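Working notes, structure below.
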């Protein structure tokens, strides 16, 4: 049956906080109303909504999303008197004279999403000539750095590197807001993250590059696998990819006895994983030199004692 | 300054949850009123108290302890009529004729201590010849299991276990109510985890057994510096407790490149810390030997080719 | 001049204004051919009781010939013009208007736009058909609409301003609350509960005491001719702002305050004086119908009411406007508690009851209403049943009605929420305290009983006349931890315990005491038996006392009719039983209405100083009135009703009134008999012409200069007319 | 105390003799003995009933109790105690006790927010017979003596007595400007003669208005010993019915529609604040409670509002008792400007959140200057915390009937404002209208001035001047219109408090946008 929900930024009916042990765990097809605090809203853009108990727990899921704030917009204007916006509503902004938006137009529309606005509201100054940017791991087709309205620049990347469109060699057009696509060389871009189940992540975006740290989480009655923080190097994601599970039995970092060392710190220590402990100079080991993780518990470690 | 107080089994004045970003963190010597839910109390036995922001954080901490319940005793009676007992409040129970209390008396007064009763209330039977109780992870020094009044028996615990008085060997005397102390083999308990600001940990106890594990969590826009999990052992808690701070100020562990070792392994790494990678004997480096934790990222690690 | 307000308050539905039949716009020319614009020739509301408008709104029961609809749901009308309507050239709208100072932003002038589709939650009209000169509309009202009798107009726009229909009283439309509509604040998702708590017009009221639950019927009669207009008149006499009458909370908060009359304001003068000079005795009423029509026709407070009469009249008011509602009876009610969870009984040093100081009382039963609504003024999860006690009690705002208090708030002890929740919580959750008032003037708490108050709470079952126990909807199982959590939560938010029960404990002796009183018919001797039982190896001597009192049902005593003393010795592990005979001649000269008796048994154990104390009530059984019927039970046919009553006393009853009632079968009728000799019987016969089919009930009552609170009923099946 | 005293109801109080006085309990300590005589240090409970108690001394014997006869020289008044840490009205600062309890001369703020006016008011809570009159007000309320120990209930019941509906109240409210068969509300110098006239005539006094009710209720609270002050709110949205929107209606051409515009904003309004803890609420809501003795439609009916916690109102936490949604709406309503079209549709043209409750003031501690307390009632405007409070109020039953969701800023980039110079009654004065064009477009504008004589409640009596302007703004420019208002236009027509109200409204011909502004002034 369904447990007591952990409503972040929100509440269920106030008596359930006191009478928890009477009401929970709760039988299937019970309906439970919840609401978000001011400044927050449910997945549907409501202030108040119902979840229902199911064999898989609560559904729909009790989450409250922060309203997106009006931007401190550089070189621009907005249509609205509003300070705060609903999740998955949208807002219109535009340019001062001689300026162009983040999307290169005179005006742009942005959607409020889980991590903020769908694109950052900003107006760039508007001009005629483009400059070719610094091209790490590539070379340009010409010595010329300056390009006029609707001129084009062609460029080629280093051995095993790829252009901003993922070709080996590429060409792009100068426009009065800047380049149509920016000239850049990289390794093959970090993969569009595999959507997990029973959990979620922050820094949510469609594609990633060297750095670009992402943090993962599980929802109630589930426990994460892999690290919470992941980041791609130019060769790929590290650690490889996280997963959610409601039965995780993984240990904390290996316990270290005073006057001791261990052979390597792993990124993980699951049920059945082992660590070997070595005592430091003038000390000898008491108990087993190997220790094991089981049921998310380390076996209690050895001691180091003087020779 | 003091961050948002996570009150346990209780609340602060309820606008502070909505206006969190206005009010917090608070200045030192500022005072804040908090309260317990029904069935819980502050350590003084009050339903409500003022905490104060200090250089030590919120002092006293906003923790509400559970009320002790009326005991399930037999061969006797409870003088007090009430079902639930305040922390630091006391209660009286007494025996039928031919029975004696857990303290060996005709009547006993017990206090609901800072968590739980000062003794388990029970009315036992006059032990003409006491019976030695069960002793898991220990041995009595004799094959005898029954002994006369004013006879004595001595016992010793297994490796990594301690007697009911905290020694490793202990002796008890038979009396007309049972043993002068009850034989048991036990383990040392880790100290109480204090309430953090801006977050929480889910498995809550007054003290923790060896092999108990605690998971920490933070409220949104705060992050847990340090480990996700911590474990108790007879030597104490292994890591320091993690903290819900701002930003990230923490990187996931790097890979070790093939044919290489590092100058310092660690449980966790933080912003500005260096991992320095050294190639093994008969191998030669390419890329930087230094990598640094920066905004949660790392610089790409080196390679170690054959010499 | 008048500087308080820019226009006077729009607070009477009976009041009207004259909307112009023409409003000119701009400099209108001489001799404009206005006949090129539409003119309304007739309006049809399809208002017949067999037709879809009243049938789909569940408003076909009301004995009223005008249109009645429930808010938030659509209904049909047809408009007939001077020529065909031509959307290319014709703008027009329906207007609904209420009170003397109607304003659009106040919701009291309502222009209904012609639209392509009816939007959810908006006023609008869809053209569903056109044929020749006639347009048929489906009109939707807002689910937050004001409740009351709207005037209706049809208005045509022109380049020269507005042309409008003249005042036509045939078109006035009652808009009511809508339990069937998912968007209404009063929405109730269950069919059988809507049938019971809205469409049933015959109630059952539970009385007596918890070991002998008596029952009577009550005609709510919310569909009877002129009752709906009387419910609008009650709100006009409250001077309630019409813009506030869209809210079921405020209609319940205000309507309950109108029921009990303080001064010459309100529906019923309260009296408990047992004499009832210059008025009708509260135990004589068969239903709300004649009270409300007497109020509407006299314009003055009706004499007299008591808690179940206030609850009956308020239940008619709520069900008539369409708020789902029921009466509930609480047994052993701690009324006039002032949020104190303690009722005190005082004892002399020897353990006898000190009658001089014992002035708190526990009502054998008490009645209040529950109204069903959502609570948008409170946090999530406090909707559903709201307790409203229309009986005056000393309160946060002096002496007044309590509620709407959320029943869901009361059960969990969340008495921080409005309205009056600490006072309602204390009706059901108080404790008895027994106090020795020592001769030195000190007070010692000897014993406590947390179990006595609110021992049962009941209401009529859905679709039948049995009791339904609802005690668990008001409080958790007694002695369990959840009762303690509810109590502690109430103490956080202004419930009170004046005396700290810390210096009180289990008896030293381990002696139990209990007693039984057998039920009796009025004018018979009966047995009361007391038992004392020893759970110890000690020997005890006990002096015990019986005090027997005649009381009003409010527990207020009038006389101690019997007093006795017993000395008991209990051997180790033994028990003893004392049998007491109570004789008819000890009580028969002295009984109050409802014939209620109250017994205290108390004792002090000599060897341990412990006090034993228990109290119980009985209500004497009085024979029912017998009702019989003759001739055909068919709607519109004449039916003969015989009401018979036999005097149960050994005295001549005088100025005896018999009343007869039964909604849809007969109007309220009453008959006067000058005297009724001791063993004698009377008959009364009427010819009545029933006007409602299906199952119906006849209800009767009797009252006099001595005996009253006597009832009878008959279920009559009435066949449909040919 | 009273005719039917009972010990468990706290109205009979036997004081036990004790070796030490406990905290929070009735008792008496024998501190000295001297021949025939005993000296007692007596202590009363911090939860004691407030009122005038009879005193007796009673001696116990084996045969009965021997008691002193009735001695009216020993009758003892027991009052609320702002100096005692255990009292529900405890105030933790001595200058604040000295002002809010022991000061008997108040200052009342009136006029308009650009030209604030002050007058003194004698509270006189110490004067001969005023304490007995405060007890008489509760006796005429028929308030149970066991309820007079509670400062919330004494505030809740005492405030309901201040304005009389039929008989049974202290003052008859009137705003008719005629005041036949009574005293004009603007004549009174203080509470003292009102209260003694009520006490002696035993019937409602003629006549009162918001500051008179607040003056009398401030005397009542300070006399019983509850700490209290008057506060004035400028531009108060009174009679709001918990709606956060006041409607102004405009004709299609942009003129004000005076036929439909019936919402009125009071130039100022007065209510009381009373200081107490709130054990009926969860933690965090003690201190100043707003009580308004001026009746409006609230959840009970046409009644006084409060005590509403001011700390609840600041956070929009209006689910708590009493009447908090109606008090919140007075300080937080918007103006909405609506075109009432000739086709009978309504269109929202413009919105102004800045006008209502622009400033809230009270007398300063130790002087006659004003103290701004606006930030105690609401957060800084245009910041996130104002929106958090508004959303919290909309969760707990405040209302916005019209969805302004479709409203946007004027794409014309024109802006307009006007000024009225301060003047002496019977002098001519100048009104200046300014326009600015922040765009490379040329525009043409038709603008209207409507000047009205009004009561201070904003209710108008006549339009004393009206004028129209046709204006060009050439691209990225600015233009100014000026008006001279003369004494012969208004002087034959003024109401009490000499208040004028100006609407300036304009429609931009090319963009169809409406610009609307309004300002009061007081001669």
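Residue numbers (full-length UniProt numbering), protein chains in the order written: chain B, 24 to 330; chain L, 24 to 330; chain D, 9 to 730; chain R, 106 to 628.
Beta carbons are placed, not taken as given, at the ideal position from N, Cα and C, and that holds for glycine.
Contiguous alpha helix (DSSP H) assignments of at least 4 residues, all confined to the region 567-632 of chain D: 592-595
Beta carbon of residue 262/R nearer than 8 Å to that of residue 285/R: no
Of the listed residues 173/L, 142/L, 160/L, 113/L, nearest to residue 125/L (C-alpha basis): 142/L
Chain D contact for residue 40/B (CB, 8 Å cutoff): no
Proximal residues, the UniProt domain "Sushi 1" (24-88) of chain B versus chain R, C-beta separation under 7 Å: 61, 62, 70
Chain-ordered chain B contacts of residue 490/D [CB-CB under 8 Å]: 42, 45
DSSP state of residue 243/R mapped onto helix, strand, coil: helix
Assigned exposure category for residue 730/D - 16 Cβ within 10 Å defines buried: exposed
Inter-residue spacing [alpha-carbon to alpha-carbon] between residue 162/L and residue 153/L: 17 Å
Backbone CA spacing between residue 87/D and residue 21/D [nearest angstrom]: 26 Å
Sequence-distant residues of the same chain with beta carbon closer than 6 Å to residue 425/R, five excluded per side: 386, 417
Residues sharing a beta bridge with residue 442/R, DSSP: 353/R, 455/R
Alpha-carbon spacing of residue 408/D relative to residue 371/D, whole angstroms: 18 Å
Alpha-carbon spacing of residue 342/D relative to residue 215/D, whole angstroms: 16 Å
Residue from 266/D, 520/D, 267/D, 727/D with nearest C-alpha to residue 541/D: 520/D
C-alpha distance - residue 144/D paired with residue 13/D, whole-angstrom precision: 41 Å
Segment contact flag, the region 107-125 of chain B with the region 163-177 of chain B, C-beta cutoff 8 Å, min 3 pairs: no
Beta-carbon proximity list for residue 305/L, same chain, < 8 Å, skipping 5 on both sides: 329, 330
Stretch-stretch touch, CB-based, cutoff 8 Å, three pairs: the region 436-447 of chain D with the region 353-367 of chain D: yes
Among 299/L, 85/L, 83/L, the one whose alpha carbon lies nearest that of residue 308/L: 299/L
Where residue 413/D falls: helix, strand or coil (DSSP): strand
Residues near residue 239/L by beta carbon distance below 7 Å, same chain, minus five either side: 222, 224, 247, 251, 265
Three-state secondary structure (DSSP) of residue 520/D: strand
Member of 249/B, 280/B, 257/B whose CA lies at the smallest distance from the CA of residue 268/B: 249/B
Below-8 Å beta-carbon distance, residue 185/L vs any chain B residue: no
Inter-residue Cα distance where the pair is residue 214/L and residue 241/L: 22 Å
Every unbroken alpha helix (DSSP H) inside the UniProt domain "Sushi 1" (24-88) of chain B [4 residues or more]: 38-41, 43-46
Within-8 Å CB hit, residue 326/D to chain R: no
CA-to-CA distance, residue 355/D to residue 454/D, given in whole angstroms: 9 Å
The region 593-605 of chain D in contact with the region 386-406 of chain D per 3-pair CB rule at 8 Å: no
Neighbour flag for residue 514/R against chain B, beta carbons, 8 Å: yes
Three-state class that DSSP yields for residue 280/B in the structure shown: coil
Residues of the region 124-156 of chain B whose Cβ lies closer than 9 Å to any Cβ of chain L, in chain order: none
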